[PDB]
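Visitor: Just the structure for this:
(chains A, B, C, D, E, F, G and H, ligands or ions: 34)
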Amino acid sequence: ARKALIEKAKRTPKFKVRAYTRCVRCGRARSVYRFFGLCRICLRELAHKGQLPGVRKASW
Amino acid sequence: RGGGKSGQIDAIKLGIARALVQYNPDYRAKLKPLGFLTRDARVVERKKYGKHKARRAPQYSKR
Amino acid sequence: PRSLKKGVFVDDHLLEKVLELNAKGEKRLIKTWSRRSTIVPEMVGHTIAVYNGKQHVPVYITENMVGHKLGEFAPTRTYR
Amino acid sequence: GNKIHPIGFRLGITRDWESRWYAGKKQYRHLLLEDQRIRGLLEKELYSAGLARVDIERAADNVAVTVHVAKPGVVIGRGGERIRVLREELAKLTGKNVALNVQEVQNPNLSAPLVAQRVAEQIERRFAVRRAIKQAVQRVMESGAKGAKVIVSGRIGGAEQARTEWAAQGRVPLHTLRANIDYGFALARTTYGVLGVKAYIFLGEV
Amino acid sequence: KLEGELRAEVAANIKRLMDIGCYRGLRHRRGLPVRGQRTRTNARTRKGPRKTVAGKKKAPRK
Amino acid sequence: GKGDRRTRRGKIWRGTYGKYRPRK
Amino acid sequence: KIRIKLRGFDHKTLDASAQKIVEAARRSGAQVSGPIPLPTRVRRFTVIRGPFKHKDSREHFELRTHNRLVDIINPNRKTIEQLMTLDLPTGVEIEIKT
RNA sequence: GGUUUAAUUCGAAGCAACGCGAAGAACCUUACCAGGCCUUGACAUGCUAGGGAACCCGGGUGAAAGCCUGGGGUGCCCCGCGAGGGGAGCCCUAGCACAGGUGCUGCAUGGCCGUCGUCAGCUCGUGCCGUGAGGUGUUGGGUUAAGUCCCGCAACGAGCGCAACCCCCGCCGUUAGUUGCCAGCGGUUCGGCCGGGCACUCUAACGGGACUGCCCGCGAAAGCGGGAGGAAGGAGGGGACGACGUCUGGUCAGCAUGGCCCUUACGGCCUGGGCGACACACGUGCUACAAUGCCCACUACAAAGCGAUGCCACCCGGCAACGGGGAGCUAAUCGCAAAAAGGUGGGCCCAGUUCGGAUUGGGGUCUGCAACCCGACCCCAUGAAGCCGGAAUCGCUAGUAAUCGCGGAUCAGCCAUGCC
Ligand SMILES: [Mg+2]
Ligand SMILES: [Mg+2]
Ligand SMILES: [Mg+2]
Ligand SMILES: [Mg+2]
Ligand SMILES: [Mg+2]
Ligand SMILES: [Mg+2]
Ligand SMILES: [Mg+2]
Ligand SMILES: [Mg+2]
Ligand SMILES: [Mg+2]
Ligand SMILES: [Mg+2]
Ligand SMILES: [Mg+2]
Ligand SMILES: [Mg+2]
Ligand SMILES: [Mg+2]
Ligand SMILES: [Mg+2]
Ligand SMILES: [Mg+2]
Ligand SMILES: [Mg+2]
Ligand SMILES: [Mg+2]
Ligand SMILES: [Mg+2]
Ligand SMILES: [Mg+2]
Ligand SMILES: [Mg+2]
Ligand SMILES: [Mg+2]
Ligand SMILES: [Mg+2]
Ligand SMILES: [Mg+2]
Ligand SMILES: [Mg+2]
Ligand SMILES: [Mg+2]
Ligand SMILES: [Mg+2]
Ligand SMILES: [Mg+2]
Ligand SMILES: [Mg+2]
Ligand SMILES: [Mg+2]
Ligand SMILES: [Mg+2]
Ligand SMILES: [Mg+2]
Ligand SMILES: [Mg+2]
Ligand SMILES: [Mg+2]
Ligand SMILES: [Zn+2]
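Guide: Numbers count the residues shown, from 1 in each chain, chains lettered A, B, ... in the order given. Ligands and ions are numbered 1, 2, ... in the order given. Provided below are the atomic coordinates:
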C-alpha cells in the first residue's frame, strides 16, 4: 500500500495487538494466508509460476 | 465401520450377497437379476464454489 | 451486563491527576482524551472535560454515575 | 477472463517446480521469503546473461541455486571474479551458505522465457512490433519446435488506443496436459506505458 | 422481587440512566436499540411499525 | 429452537456449552 | 529397533528413496518392516480468482505432505554405516528415533 | 440506495453491483473527521564547509506523538616524546539531488478477472469460383453431448476449439503391517488391553478393468434400440480445463504502469472520533410461526480437517461461561470431538402454548493497554413480532432438491447466520 504504512516493520508495535500481517511481496493487508506470508493475489501468482514448492492445482 | 446406519444396511446387504456366492457360485442365477451383487456407487456430490451446496444455486434478483 | 473482573480499569494519567487535585481544591475543567476510563468515587466533584473526536465537554460528575465509563457522557455523533 | 497459466496448469506433470524443497508450517514462510530475495538479486544482476530460470533446492541448512542462462560467459567474468562476487552477494541475504551453479541454454530460441524476453527488449528499442513477432516466431520455429506463439499486449507503437498483436504457427495445444509448452512473460517498459509479451512454445508429446 | 415491586424497580432503573448524562439513557429516550445494534435497517422491535416517507424526486421507479 | 440460548438445540447451534448443554 | 518417519511434498521421490533406505537387504540381515504407507495430510488454500470483486470466481490449491515409516529391527552396525552419505532426493525429509 | 454527519474513507450498477474487494473495522487495520505535532522526512542511493560524533540508564512537559534539558562515555586506524593536528565508520544539525502521495485518469496501459459460454463454434494453406467485397472448404443427407463421427461433393488438408492426456469417486490385484480382529487358538484388571498373526477393514504407491469388444433386430456407413457377461455399458458419477472474439466490461485501492497533479501538505506521526450514524427503501440470509413438533434423560452410526509459545484428556472450584491444577500428543498413536437428525423412555395437549427468542433490566466470564461509542460468551428476570406471507419472484432432474450436524481459512477476541 503506502510505502510509509509499512510500520509493520516496527518490531516493537507498543502493544502486541497492533501487530498485523501484510503481504511480504506486495503489501496487501487483507487475505494474507499466514502459512505463506503472502496475500491471496500473490499466492495465485507464485503458485502458477511454480515457486511455491509442493503447491498444486487442486481438484476432487 | 463407517458412515450411517442406513448405508450400513445396504452395505451388509452387499456383504451377505457376496459371501453367499463364494460359498456356492451357482447362487448367482437367483441373485444377480435381483441386483444384490451390484455395488451402489451413488455417493455424496462435492460442494461447488459459488453454489450454496453443489447444485443449490444462490438466489438472485433483477432480471 | 458488562466487564470488570478481578482487575477494574481506570486509565491512570487522568487518575494521578485527579487524586493530585484531592490534596486541596478542585480544578475547574480537566482536558481528557481518554473516554476509556471508568469513574472512581474520587472523581465525584471536579468537572472533567471528556473529548469527542471534536470537542472536550463539560461533564459535571455526580455520585449517581460512579460505576460508569466516561465516554458514556460525551455523545459522539450528531443527530437531527 | 479465461486461460490459466499454462505452466501452473501443467505443474503436475510435464513441468516441475522452480524451487523444490520441503519445510514445516513454521519454516515454509521464511524459506519462501528468502527464496524470493534470491530470485530478485538474481533477475536484476543477471539480465545480460538473459536468465531463463533459477532452480533452488534446500537440505541440511544448505541451498543449491542452479541458474540457467544463455551466456554463462557473463556470470563467470574474469575467469571467476564474478561467479565469486555473486556467490558472495548471496551469502549476505542468505546466512545459510549458498552454492551457485550455471546451466547452459542450448537453444535460446527454444525457451519461451528468453524468446519473450527478446521481443520485450526490441519494443523498447522501438523495433517494428508486427515484424518482431512474426520474426520471433520464425526464429523459434526454425529451431525445431512442434509449434510456437507470441503475444504483445497494448499500445503497440505509442498508439493511443491499446491493441494486441498476435502471430503463431505450428500447433500450440493449450488444453492438452500431455503437452510441454514452455511459457514466458516479458515486460516492456516503454516511454508511453507498459507492454506485455507472452510467449508459448510447444514441443514433444508424452 | 416479583410482580409490581419489580416492574417499578426496572422502570425506575431506566430513569436512572436517563437522569444521568448516560448514552443508554439517550437511547432509551429516543426509543432506539440500547445494546449497540444497527439502525440502518432492522430495529423494528425498538422503533415500532414503519413510518414510511417519500423517497425520490427524480430517479427511476424504486 | 435454534435461536433460544437456553436449550439443547440452541447451545449446539452457537458452538457453546453451559447449564443448558453440559460439556459432560 | 530404529524409527524412521519419512516425509516430503512429492511421493515419486519418497517411495524411490524409502526404497533406498531398505538397502540393508530384501530380507536376509535385519527384519525390514517394509515401506509403510501412512496417510498423507492435505492443506488447502482457496483463492478468489481476480483482484477486486467477482466473489464467485475462486480457484483451489492444495499442498500435500506424504508420510512413510519403514522401521528396521535389530540394527547391526554396518546397516547404520550405510546411513551415511548415501542419498539423492532433495525434497525428502528424515525423522530418526530408536 | 437514501438521508444524516465534523467525518459516516473508496470502489462495485440490469443479467454479469448489492453476506461483492473485506479469508475477521474497538485501538491497529485506515485510506475519513476533529484536535496536538513532524519535517531530508517513517523507507532508498547519494553530494559540499560546520560542531560532535559506537553508546548506556535520566528529567520537565504531554492524551500520546512530539518538544525541551541535565549526565557518566569518549574508544579503532596514520603524524607527534607530548599538549594535541589530520581522519574510516555509525550518531548531527542548516542547506541541495531526491523521498513520499490509497491524489486524477481502466475516459493512455500491463497483469489478472468477469461475461456471452463448456456455447460448438472461429479460422488458415493451397487449389477452384467471382471484375470485386467475397465464396467454396465449414453448404447437403444421416448422427452426436459436440464442425462428434459417417456418407456425399471443386475441393485437399491443417490450426485454435470438441474429445482424449491430469485429478476425486465406484470393482479387483501386487507391494506395504507401532492403524485394523469373537478372521483362528492362549491369557483377561472382559478395553484388540496382552502374547500374537495381516488374512479382513484401512492406509497409499504402482497396476488390471470398458473396447459398442460379445449376441439379436433396423442401418449404405457412422450409429440407434435391445440383450448377456460384469462393480460399473455407450460420456459409469463429479472436478480441473473455456476458442477467434464481444462488452472501449471490472480493477490505476493488491501489484505494476504513461501522463497530469501536491511537496512546512494532497507526504509523516500521534491521541480521540468515524467506517457501527437512523424518518425511510431494496438485495442476500438466519431464526421462526409448531404435534411428521418442542423439551429433558439415556443411547447408536460420519467424513473431512486443524493443533507448540497450540489442542487440552483427567482432577478440583463455580448453576455456568470459566478459573486452578495437570496427562498426552512435533500427532493413523494425544486432543479438538459432542457428530446431529436417528433410536428407547418420559413430559407438554391446539394454547401465541413447555410454539417463537426479538427487546429490555440486572449479575458475571474471557480476550486484549483498553470493550462508552462498538466484542463474544454464561447466568437470572423480561418473553416482541410472528398462525405459513399481495403483486411479483428464486433454486433444483439423483445421493439431486429438502433436511441434519461437523471442519477449515481470516483471526487476541469477534459481531460467522457469511464463505470454502
Ligand atoms: Mg504504492
Ligand atoms: Mg489484529
Ligand atoms: Mg449434504
Ligand atoms: Mg506524566
Ligand atoms: Mg423454546
Ligand atoms: Mg467460472
Ligand atoms: Mg460533506
Ligand atoms: Mg478510485
Ligand atoms: Mg454465471
Ligand atoms: Mg479507527
Ligand atoms: Mg572519520
Ligand atoms: Mg515520484
Ligand atoms: Mg485491463
Ligand atoms: Mg462441450
Ligand atoms: Mg457475381
Ligand atoms: Mg480470379
Ligand atoms: Mg455455404
Ligand atoms: Mg449436415
Ligand atoms: Mg473436430
Ligand atoms: Mg477437453
Ligand atoms: Mg483392494
Ligand atoms: Mg481365549
Ligand atoms: Mg456397428
Ligand atoms: Mg468505474
Ligand atoms: Mg462497512
Ligand atoms: Mg439496494
Ligand atoms: Mg462442577
Ligand atoms: Mg415421546
Ligand atoms: Mg410455507
Ligand atoms: Mg440439468
Ligand atoms: Mg432451513
Ligand atoms: Mg476465529
Ligand atoms: Mg461453520
Ligand atoms: Zn500480495
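Visitor: Could you use CA atoms for every contact and neighbour count after this?
Guide: OK.
Visitor: Quote the end-to-end distance of stretch D:135-147.
Guide: 14 Å (C-alpha to C-alpha, to the nearest Å).
Visitor: Run through the helices of chain C in chain order.
Guide: C:12-20 (DSSP state H).
Visitor: Check chain F too.
Guide: F:8-13.
Visitor: Quick check: the residue of it nearest chain B.
Guide: Closest residue of chain F to chain B, C-alpha to the nearest C-alpha: residue F:13 (19.0 Å).
Visitor: How about the contacts made by that residue?
Guide: residue F:2 (C-alpha atoms under 8 Å, 6 or more residues apart in numbering or on different chains).
Visitor: any idea how far the closest residue to residue A:39 other than its chain neighbours lies from ligand 34?
Guide: Distance criterion C-alpha to C-alpha, 6 or more residues apart in numbering or on different chains; nearest residue to residue A:39, sequence neighbours excluded, is residue A:32 at 3.8 Å. Here residue A:32 is placed at a distance of 7 Å from ligand 34 (C-alpha to the ion, to the nearest Å).
Visitor: Residue A:32 reaches residue A:20, doesn't it?
Guide: No. In this structure residue A:32 lies outside contact range of residue A:20 using C-alpha atoms under 8 Å: 9.9 Å.
Visitor: any residues in contact with both of these two?
Guide: With C-alpha under 8 Å, 6+ apart, residue A:32 and residue A:20 have no common neighbours.
Visitor: higher neighbour count, those two?
Guide: It is residue A:32, of residue A:32 and residue A:20, that has more neighbours when counted by other C-alpha atoms under 10 Å in any protein chain shown, with 21 against 12.
Visitor: Contacts only, for the more buried one.
Guide: A:21, A:22, A:23, A:38, A:39, A:40.
Visitor: Around the residue lying closest to the third one once chain neighbours are set aside, how many other residues sit close by?
Guide: Distance criterion C-alpha to C-alpha, 6+ apart; nearest residue to residue A:23, sequence neighbours excluded, is residue A:38 at 4.6 Å. Close neighbours of residue A:38, defined as other C-alpha under 10 Å, add up to 27.
Visitor: what about the closest residue to residue G:20 other than its chain neighbours, neighbour count?
Guide: Nearest non-adjacent residue to residue G:20, counting by C-alpha to C-alpha, 6+ apart: residue G:87, 7.9 Å away. Residue G:87: 11 surrounding residues under other C-alpha under 10 Å.
Visitor: Also residue E:44?
Guide: Residue E:44 has 12 nearby residues by other C-alpha under 10 Å.
Visitor: Residue A:23 now?
Guide: Neighbour count for residue A:23, taken as other C-alpha under 10 Å: 22.
Visitor: Then the one 5 residues further on?
Guide: The number of residues packed around residue A:28, counting by other C-alpha under 10 Å, is 17.
Visitor: measure stretch D:53-64 end to end?
Guide: 14 Å.
Visitor: er, stretch C:27-45 actually
Guide: End-to-end distance for stretch C:27-45: 10 Å, by C-alpha to C-alpha.
Visitor: And the residue nearest to residue A:39, how close does it get to chain D?
Guide: 12 Å (C-alpha to the nearest C-alpha, to the nearest Å).
Visitor: So the residue nearest to residue G:20: helix, strand or coil?
Guide: Look at residue G:87: counting by DSSP: H, G, I helix; E, B strand; the rest coil, its state is coil.
Visitor: And chain D, what are its domain boundaries?
Guide: D:16-106, D:107-206 (curated CATH domains).
Visitor: could you check whether the last one is close to chain A?
Guide: No. Contact check for domain D:107-206 against chain A, using C-alpha under 8 Å from any C-alpha of the partner chain: none in range, with a minimum separation of 9.9 Å.
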